[PDB]
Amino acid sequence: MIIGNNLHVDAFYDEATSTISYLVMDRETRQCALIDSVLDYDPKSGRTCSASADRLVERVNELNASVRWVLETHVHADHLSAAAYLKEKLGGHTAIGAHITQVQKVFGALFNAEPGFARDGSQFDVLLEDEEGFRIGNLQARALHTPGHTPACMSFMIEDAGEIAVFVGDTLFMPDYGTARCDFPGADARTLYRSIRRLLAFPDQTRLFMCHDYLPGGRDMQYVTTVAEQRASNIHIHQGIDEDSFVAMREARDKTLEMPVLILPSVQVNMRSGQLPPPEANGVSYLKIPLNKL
């Protein structure tokens, strides 16, 4: 789809994890950003695969584009990131929220990481602060710190010709589905409420691009909505819902959810900017699954 004149956005949906990855291109310079890419992972066998990522590679080439940014909205709990795989193939710089350091501190300890694992986000090329601008060719973008699902979550705002899009990560879902859970380490429902109200203070017509979609009641996949529709109809956080009410709802709801299938594999990879842990003396890399701890 094209927003304004030059904001080109392709959505790629991963069936296994319900993740929506994006290719965001400046139609003029052909520079692009890949957002929230997926490295396929079979937890039964420990096998990774680049099939989903290769779709992005092919689309970049089909467009004659050049990757400038490999972005992650947050340290995902439900899938492994393909950012390292894609930066290697395609170039560009990886970026993530500056509060990655807090996530690394917490999960470096949980997974008892090896003593060379950096907790200062240096695995990533660029650490983004709240309201910090960045460019995708001639497109002006801005990173927004929108925590609550995690302490580090970012949303990416991009504007062209007076129209705005925001890639909101796991904050809002489609209006019929609600909002993201707030029970992972350092998550907080009240904080998510405030983040979402900042997002919903953008102009009504602003397009909002989802990070996951779970096909509720078997409808087709959806990935884009507007500020106006969220404010009117989001089942969790429409305009009528105050902070306290949201917090009570969200916290009671979180108590009923199970862990994502891939939380332990995912976080320990994504905290390393999409690298597998360093191999042991036998040449094999291992995920570590903490027992009776998470």
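So that there is no doubt, residue numbering starts at 1 and follows the sequence shown.
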Comparing average C-alpha B factors as deposited, tell me which of 54 to 62 and 244 to 252 sits higher. 54 to 62
Could you settle it for me: does 203 to 211 or 108 to 116 have the higher average Cα B factor in the PDB entry? 108 to 116
Looking at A77, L90, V166, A189, which has the biggest Cα B factor in the entry? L90
Cα B factor band for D36 (lowest, middle or highest third within the chain): lowest
Taking the entry's C-alpha B-factors for this chain, is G162 in the lowest, middle or highest third? middle
Taking the chain's C-alpha temperature factors as the reference, tell me which third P260 falls into: lowest, middle or highest. middle
By the entry's values, the third containing the CA B factor of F134 is the middle
Against its chain's modelled residues, does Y85's Cα B factor rank lowest, middle or highest third? highest
